[PDB]
Amino acid sequence: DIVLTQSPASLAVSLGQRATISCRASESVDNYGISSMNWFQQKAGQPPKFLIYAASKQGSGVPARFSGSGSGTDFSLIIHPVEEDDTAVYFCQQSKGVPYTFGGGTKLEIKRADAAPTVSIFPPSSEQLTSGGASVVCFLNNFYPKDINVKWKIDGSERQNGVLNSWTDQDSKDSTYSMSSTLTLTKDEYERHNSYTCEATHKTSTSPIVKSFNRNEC
Amino acid sequence: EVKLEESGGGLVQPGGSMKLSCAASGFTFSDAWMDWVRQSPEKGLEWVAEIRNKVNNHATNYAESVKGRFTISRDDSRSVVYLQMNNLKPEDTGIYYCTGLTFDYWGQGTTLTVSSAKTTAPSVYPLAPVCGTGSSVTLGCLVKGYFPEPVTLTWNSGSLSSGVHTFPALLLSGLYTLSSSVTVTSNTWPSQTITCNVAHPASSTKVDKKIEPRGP
Amino acid sequence: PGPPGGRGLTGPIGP
């Protein structure tokens, strides 16, 4: 098997700057004077899309800012000038020999100004409560960078069991991330306490953003 | 316009069988070399199988890990590629893409899950704001306790797409949970109705939940 | 190195 090893694993580049992504093959992918190295872009929720073929040749309707170079065992994808929509995972792929193989992928993150999250808190629905479950949800929307900490409190007391955090991939238009944090309880435990709080701590402030409700109110 | 649509994915027990189909159009199908590729978080993108054109004797080839278990075939008169999978294993779980002209064109993919766990329909709960306040208002939808992947979630049947974040599903002791948030201006809701639409093909579940404000 | 054709621009090269 021809093994493709990409580097780096990920990369954060400012708008208008160069992104350089490498791919090393374990043996030569040269083949009748043509290096059989292709590159793909995979945006969130989508299949891989073919960008470059035969190392350096442009796929149909692929923007000029994507170019590929190399031969033998060492290849690169250069993206310049980088735009918001280039947020994606990029894969190299080899057609010299069966089995056809892909690299591990390199994640390109588009850098932008730091942005604090907009935080919203949601008690359990009426419907979920009649099931016997109880889920308290915090959305932390439209922030940068991705790195964030959320802390749940019940009647002031911190709580770590039963919390699940899921981030979106970076947005193609505004370059931000969003995140859901979900505290899952038994209904019985939810109705034993009154005060629910989620505290988001982000790079943008030492002071956390606190969002809260009381089960009694309205 | 090139178009690849794969079907036939879903849940199956370890040791069981499944047949995937790939319908193609927008290129001379009988000349095309077609492949299947799968994707998983563990193994990344894996080429699975190749079937060459009539001029190349419909010659097949396979990834070492599926030899003897998977069979690729094609019906040139219907523009369809098939992938027969026998003695399936949990490591075969993933998203299976049909590709044409080797990897020039790709379908959206169909999800295969190999597990002895059972199909379970989601519960879908509307998330209206706290009982009781800015320029903007954020609503939500919680899809809880389903298996296997995937679900599709839209707002007002696709009409409302900007200001939406749909969060990746996570595993909560055997069952999947996901959320979606939607943010509109305050004059929009509750004046105009906002509905969360959730489909779970594996359980034949289609559910619409209107986001109602909370009564005490 | 004939044209690729059915093989695709990403496919392997012949003869």
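Residues numbered from 1 in each chain as written, not as in the entry; some residues may be left out. Chains lettered and ligands numbered in written order. Heavy atoms only, no water.

Going by the header, the method for this PDB entry is X-ray crystallography, and the resolution given is 2.70 Å.

Enquirer: Account for the sheet that holds strand 18 (residues 163-167) of chain A, with residues named and values stated.
Expert: Note: strands within a sheet are paired through backbone hydrogen bonds, in either parallel or antiparallel orientation. Residues and elements named next belong to chain A. On the basis of which strands lie adjacent, the open sheet formed by four strands has the order 14-15-19-18 and antiparallel pairing. Looking at the sheet topology across the chains shown, the edges are occupied by strand 14 (118-122) and strand 18. Adjacent strand axes in the sheet meet at a mean angle of 15 degrees, parallel and antiparallel pairs treated alike. Bridge count for strand 18 against strand 19 (residues 177-186) is five bridges, and the pairing is antiparallel. Within the sheet, the bridge partner assigned to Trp167 lies in strand 19 and is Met179. (Pairing = 2+ DSSP bridges. Helix = DSSP H or I, 4+ residues; strand = E, 2+ residues; numbered from the N terminus. Axes fitted to C-alpha atoms, helices over the stretch in contact; angles between N-to-C directions.)

Enquirer: Give me the lowdown on the nonpolar core, citing residues and values where you can.
Expert: Residues B:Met34, B:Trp36, B:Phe70, B:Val81, B:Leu83, B:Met85 and B:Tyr96 are the most contacted members of the largest nonpolar core, which totals 42 residues. Listed by contribution, the elements that provide at least two residues to this core are strand 7 (49-53) of chain A together with strand 3 (18-25), strand 4 (34-40), strand 5 (44-51), strand 7 (70-75), strand 8 (80-85), strand 9 (94-100) and strand 11 (110-114) of chain B. No other element matches the five residues that strand 5 of chain B contributes to this core. Counting residues in hydrophobic clusters, the runner-up holds 25 residues, among them A:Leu4, A:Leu11, A:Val13 and A:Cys92. (Core = buried A, V, L, I, M, F, W, Y, C linked by side-chain atoms within 4.5 Å. Buried < 20%, exposed > 50% of the residue type's maximum accessible area, 1.4 Å probe, protein only.)

Enquirer: Can you break down the pairing of strand 17 (residues 175-185) of chain B residue by residue, with the values?
Expert: Residue and element names in this part refer to chain B. Strand 17 sits mainly inside the fold: eight of its 11 residues count as buried. Bridge count for strand 13 (residues 136-146) against strand 17 is 10 bridges, and the pairing is antiparallel. When the bridges of strand 17 are listed, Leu142 appears paired with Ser179. Pairing of strand 15 (residues 164-166) with strand 17 involves three bridges; the strand directions are antiparallel. Residue pairing for strand 17: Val164 is matched across the bridge by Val182. Where strand 16 (residues 170-172) lies against strand 17, three bridges are found, and the strand directions are antiparallel.

Enquirer: Please give an account of the interface of chain B and chain A that cites residues and values.
Expert: Listed as interface residues are 41 residues of chain B and, on the opposing side, 38 residues of chain A. Summing both partners gives a buried area of about 3,300 Å² for chain B against chain A, and 67% of it is carried by carbon and sulfur. For the interface between chain B and chain A, the tally reads one salt bridge. Joining chain B to chain A, the criterion identifies eight residue pairs in polar contact. Counting residues per element, the ones that place at least two in the side of chain B that touches chain A are strand 4, strand 5, strand 12 (123-127), strand 13, strand 15, strand 16 and strand 17 of chain B. At five residues, strand 13 of chain B tops the list of elements feeding residues into the side of chain B that touches chain A. Here the residues of the side of chain B that touches chain A sort into 22 nonpolar, 12 polar and seven charged. (Contact = heavy atoms within 4.5 Å. Buried area = accessible area lost by both parts, 1.4 Å probe. Salt bridge = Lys/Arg side-chain N within 4 Å of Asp/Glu carboxyl O. Polar contact = N/O pair within 3.5 Å; in protein donor to acceptor, adjacent residues only side chain to side chain. Nonpolar A, V, L, I, M, F, W, Y, C, P; charged D, E, K, R; others polar.)

Enquirer: Outline unusual backbone geometry, supporting the account with residue identities and numerical values.
Expert: The amide bond that connects B:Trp189 to the next residue, B:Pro190, takes the cis arrangement and shows omega of 10 degrees. Here B:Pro190 shows up in the loop between strand 17 and strand 18 (195-200). Look at the link from C:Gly14 to C:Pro15: it is a cis peptide, with omega at 20 degrees. With a phi close to 50 degrees, B:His58 is a non-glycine residue in the positive phi region. Topologically, B:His58 is positioned in the loop between strand 5 and strand 6 (60-62). With a relative accessible area of 30%, B:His58 lands in the partly exposed category. Phi at B:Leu101 is positive, roughly 55 degrees, even though this residue is not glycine. Residue class for B:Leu101 comes out buried when judged on its relative accessible area of 13%.

Enquirer: Tell me about the interface of chain C and chain A, and please be specific about residues and values.
Expert: Contact residues are listed per partner, giving seven residues for chain C and nine residues for chain A. Together, the buried faces of chain C and chain A total about 730 Å²; carbon and sulfur atoms form 69% of this surface. Interface area lost by chain C to chain A is led by C:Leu9, C:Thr10 and C:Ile13, which between them contribute 69%. Across the chain C-chain A interface, the total number found is zero salt bridges.

Enquirer: Explain the sheet that holds strand 14 (residues 152-155) of chain B residue by residue, including any values.
Expert: Residue and element names in this part refer to chain B. Here we have three strands laid out as an open sheet, ordered 14-18-19, and antiparallel in their pairing. Strand pairing shows two members of the sheet lacking a second neighbour, strand 14 and strand 19 (205-210), which therefore form its edges. For this sheet, the mean angle separating the axes of adjacent strands, direction not counted, is 15 degrees. In terms of strand pairing, strand 18 meets strand 19 through six bridges, oriented antiparallel. Considered in strand 19, the bridge of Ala199 is made with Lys206.

Enquirer: Mind laying out the domain arrangement of chain A, listing which residues take part and the relevant values?
Expert: All names here are of chain A. Along its sequence, chain A is organised into domain 1 (1-112) and domain 2 (113-218). Its C-alpha centre places domain 1 at a distance of 37 Å from the equivalent point of domain 2. Facing the 10 residues of domain 1 at the interface are 13 residues of domain 2. Summing the contributions of domain 1 and of domain 2, the shared interface buries around 960 Å²; its carbon and sulfur component is 39%. Counting the contacts that link domain 1 with domain 2 gives zero salt bridges. Taken together, the connections running from domain 1 to domain 2 amount to seven residue pairs in polar contact. In the side of domain 1 that touches domain 2, the residues fall into three nonpolar, one polar and six charged. (Domains from an automatic or database assignment.)

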